[PDB]
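Let me begin by presenting the structure, written as structure tokens, before commenting on it.
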Amino acid sequence: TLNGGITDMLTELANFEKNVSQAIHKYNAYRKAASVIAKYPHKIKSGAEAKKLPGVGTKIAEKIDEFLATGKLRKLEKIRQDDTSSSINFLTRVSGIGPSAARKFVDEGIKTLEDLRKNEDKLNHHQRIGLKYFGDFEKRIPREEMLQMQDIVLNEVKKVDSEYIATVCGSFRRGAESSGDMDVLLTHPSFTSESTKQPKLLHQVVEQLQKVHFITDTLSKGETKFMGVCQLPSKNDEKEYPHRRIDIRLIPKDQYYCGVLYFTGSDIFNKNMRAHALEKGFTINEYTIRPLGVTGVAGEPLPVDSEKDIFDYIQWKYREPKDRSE
DNA sequence: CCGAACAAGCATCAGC
DNA sequence: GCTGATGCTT
DNA sequence: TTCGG
Ligand SMILES: Nc1nc2c(ncn2[C@H]2C[C@H](O)[C@@H](COP(=O)(O)OP(=O)(O)OP(=O)(O)O)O2)c(=O)[nH]1
Ligand SMILES: [Cl-]
Ligand SMILES: [Cl-]
Ligand SMILES: [Cl-]
Ligand SMILES: [Cl-]
Ligand SMILES: [Mg+2]
Ligand SMILES: [Mg+2]
Ligand code: NA
Ligand code: NA
Ligand code: NA
């Protein structure tokens with residue numbers, strides 16, 4: 001972290017614009033600048049130097065000059081003083097509360113963790129579970145714990161049906177020494193882009209993980225996406241592990257490579273790669289890469305037999321998961 | 001200057 | 001109930 | 001807020 005002060009400043013600005021201003025393109029601009037600066041292998045000495053990087057424009061360069069000169073950004077120092085902005089920023093830290101709900105809660109005089117707990121009945125289910133585990137969801141997951149969780153998920157999935165394949169993606173697959181949550185890609189040969197020959201494929205896996213008390217709560221759940229909560233089992237007399245966020249995504253089996261590229265991320269890596277695809281005349285989602293026709297309408301799915309096939313289509317050299325942490 | 005900025009599943013609600 | 005927009009999230 | 005054309 002050669003430039004951690006600058007990237008922290010830009011992330012805090014990004015969060016302000018998203019959570020408070022509801023200015024999504026400014027949020028994306030700040031996040032992209034922080035990402036490209038985080039990757040920059042020199043200690044930045046001036047905003048002019050930073051402006052040479054893609055995604056750093058005139059306004060961010062000027063803020064970097066102020067930060068390098070003083071160690072601080074007046075704009076942030078005053079955002080930190082603003083009660084309304086601070087409360088809105090705080091409330092969005094609860095899973096299920098976004099910028100809109102946070103401003104509405106603040107309008108109704110719900111502005112602190114204490115306020116939220118007294119007004120559980122004003123929360124939807126997702127927000128209620130986010131509040132319940134607010135502390136736990138702030139903690140990182142050591143990779144050793146991720147390995148224990150992987151072993152449970154993969155073995156419990158196997159006991160449901162040996163033809164399931166569960167793959168831990170996200171930051172874990174990128175080799176991170178700690179993760180914010182656990183992301184599991186799931187396939188089964190009965191579910192392809194051509195047909196669903198068996199129902200409840202995701203449900204049965206969720207049910208089994210609930211049965212063994214690994215999954216403890218549900219935030220949202222459909223046919224292909226589960227968003228919920230899990231917990232490692234602890235030993236006798238030991239303090240319990242924190243509850244953890246878990247996402248499971250059931251992807252058509254013939255579309256595994258697009259799905260594993262999507263679910264490995266990072267989120268900014270996906271945005272960059274998808275934006276590059278568009279400039280190359282392709283569109284990429286978690287299912288397919290398709291060419292854009294003359295009118296910009298997606299054509300038919302292109303053949304894909306590896307993650308590298310997708311990189312080849314858009315004329316990118318292959319990048320291993322560990323080099324996608326943008 | 002100005003249009004584009006990734007893509008989509010699930011929960012919720014408004015309107016019919 | 002269905003459809004479509006919106007919020008929130010990955 | 002930044003970038004490409
Ligand atoms: N195309 C796209 N993909 C996303 C987006 N957000 C997340 N993803 C994909 C890439 C992520 O690596 C993956 C898992 O989402 P997470 O929020 O768990 O991030 P990740 O695991 O990378 O880091 P973390 O969990 O915080 O350690 O989902 C997005 O806004 N767009
Ligand atoms: Cl904006
Ligand atoms: Cl500051
Ligand atoms: Cl694929
Ligand atoms: Cl598709
Ligand atoms: Mg993750
Ligand atoms: Mg562009
Ligand atoms: Na630049
Ligand atoms: Na939130
Ligand atoms: Na996740």
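Below, chains carry the letters A, B, ... as their sequence lines are ordered, and counting in each starts from 1.
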Expressed as a whole number of angstroms, how long is the span from [X]:[atom1] to [N]:[atom2]?
X       : N      : atom1 : atom2 : result
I64(A)  : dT1(D) : CD1   : P     : 13 Å
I24(A)  : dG7(C) : CD1   : P     : 11 Å
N28(A)  : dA5(B) : CG    : P     : 12 Å
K32(A)  : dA5(B) : NZ    : P     : 12 Å
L185(A) : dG9(B) : CG    : P     : 14 Å
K52(A)  : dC3(D) : NZ    : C1'   : 18 Å
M227(A) : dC8(C) : CE    : P     : 13 Å
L250(A) : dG9(B) : CG    : P     : 12 Å

Looking across every strand, which nucleic acid part, if any, lies under 4.0 Å from [X] by heavy atom: base, sugar-phosphate, or nothing?
X       : result
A101(A) : sugar-phosphate
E279(A) : nothing
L278(A) : sugar-phosphate
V184(A) : nothing
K271(A) : base

At under 4.0 Å, does any side-chain N or O of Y27(A) touch on OP1 or OP2 of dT2(D)?
no

Below 4.0 Å: OP1/OP2 of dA8(B) and any side-chain N or O of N285(A)
yes

Using atom P of each nucleotide, how far apart are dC6(B) and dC3(D) to the nearest Å?
15 Å

Tabulate protein N/O versus nucleotide N/O from nucleotides 10-12 of chain B, keeping only pairs under 3.5 Å, one per line.
from    : atom 1 : to      : atom 2 : distance (Å)
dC10(B) : OP1    : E223(A) : N      : 3.1
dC10(B) : OP1    : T224(A) : N      : 2.9
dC10(B) : OP1    : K225(A) : N      : 2.9
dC10(B) : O3'    : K221(A) : N      : 3.3
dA11(B) : OP1    : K221(A) : N      : 3.0
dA11(B) : OP1    : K221(A) : O      : 3.4

The criterion is side-chain hydrogen bond (donor to acceptor under 3.5 Å, both in side chains); which residues satisfy it with [X], sequence neighbours excluded?
X       : answer
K59(A)  : none
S193(A) : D254(A)
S35(A)  : none

Please collect all side-chain hydrogen bond (donor to acceptor under 3.5 Å, both in side chains) contacts where either partner lies in residues 44-54 of chain A, sequence neighbours excluded, each pair once.
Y40(A)-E49(A)

Measure the acute angle between the ring planes of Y313(A) and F282(A), then classify it against the limits of 30° and 60° as parallel, tilted or perpendicular.
tilted

Options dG9(B), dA7(B), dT1(D), nucleotide nearest the side-chain atoms of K59(A)
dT1(D)

So which of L219(A), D247(A), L202(A) actually passes side-chain contact (heavy atoms from CB on, under 4.5 Å) with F226(A)?
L202(A)

Partner residues of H213(A) under the ring pair (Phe, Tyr, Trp, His ring centres under 6.0 Å) criterion, sequence neighbours left out
none

